[PDB]
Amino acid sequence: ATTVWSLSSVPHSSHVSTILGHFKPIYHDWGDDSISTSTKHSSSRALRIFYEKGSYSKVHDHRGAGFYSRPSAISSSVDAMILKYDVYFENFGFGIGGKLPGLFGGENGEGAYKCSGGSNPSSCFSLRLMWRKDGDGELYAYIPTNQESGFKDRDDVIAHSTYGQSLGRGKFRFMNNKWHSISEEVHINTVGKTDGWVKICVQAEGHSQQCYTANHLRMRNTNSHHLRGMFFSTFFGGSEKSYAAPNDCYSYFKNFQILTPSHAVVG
């Protein structure tokens, strides 16, 4: 597969706009106060996100960070994409869950950035990861309501009426105080079919790779929708205090890559 974009490290800068420079263009960025850089766990200077004890999505300060990234090298009709990155969890403390970066797509414009929170218009899909209780991982998908028959009753699905769908929860798990290599391979559906899929592999250093494949997915209902790039998103929650971070804790990200393999749907 062809690598169209990568980001090994971030510069040692106090200016967040410079820290995030090679992610650009970015859209709907937030969380400056949580963003810094660190070589504590790696030779490559990593993007570091701070989550203050007690923080979650609704807390005003130090609750994490978010932005959509659409590197210019990505063409406008990409139907298959692989996102890779390394993440270190420091002092987790996973509480009852939070967000991690994943891919997103949809319309070519602002419509693509609307699939989060309580919002799921027919302009986008988003495929962030989440951690959960005890560091269990999942695909956390904002996808169209018209999924295949019986979708909600799938063994790999914990559905929600308004928020994201939990796919594959517990099939991989995140470990405190370790690096993890993460890959998310996404092939969006043929329009008119539920033949899209997502394969996530996670490997904590020292341990065996664990992979989960979500197949028979619908991401789009129209042919003008495509994969657009990375939805960088990380914070605890959830929308209420029960999701508050139990600890002052930190995540570190390095070695970002986006590849574009040949599109291959699975019916």
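Don't overthink the numbering: it's just position in the shown sequence, from 1.
Set 79-87 against 140-148 and average the Cα temperature factors; 140-148 ends up higher. The mean C-alpha temperature factor is higher for 38-46 when 59-67 and 38-46 are set side by side. For the set 106, 118, 168, 98, the maximum C-alpha B-factor listed in the entry falls on 118. Residue-level inspection of the entry shows that, of 131, 163, 125, 197, 163 has the top Cα B-factor. Per the deposited record, the Cα B-factor of residue 181 falls in the middle third when ranked against the other modelled residues of its chain. Among all modelled residues in its chain, residue 233 ranks in the lowest third by Cα B-factor. Among the modelled residues of the chain, residue 243 sits in the highest third by CA temperature factor in this PDB entry.
In this PDB entry, residue 6 carries a Cα temperature factor that places it within the lowest third of its chain's modelled residues.
Compared with the other modelled residues of the chain, the Cα B-factor recorded for residue 207 ranks in the highest third.
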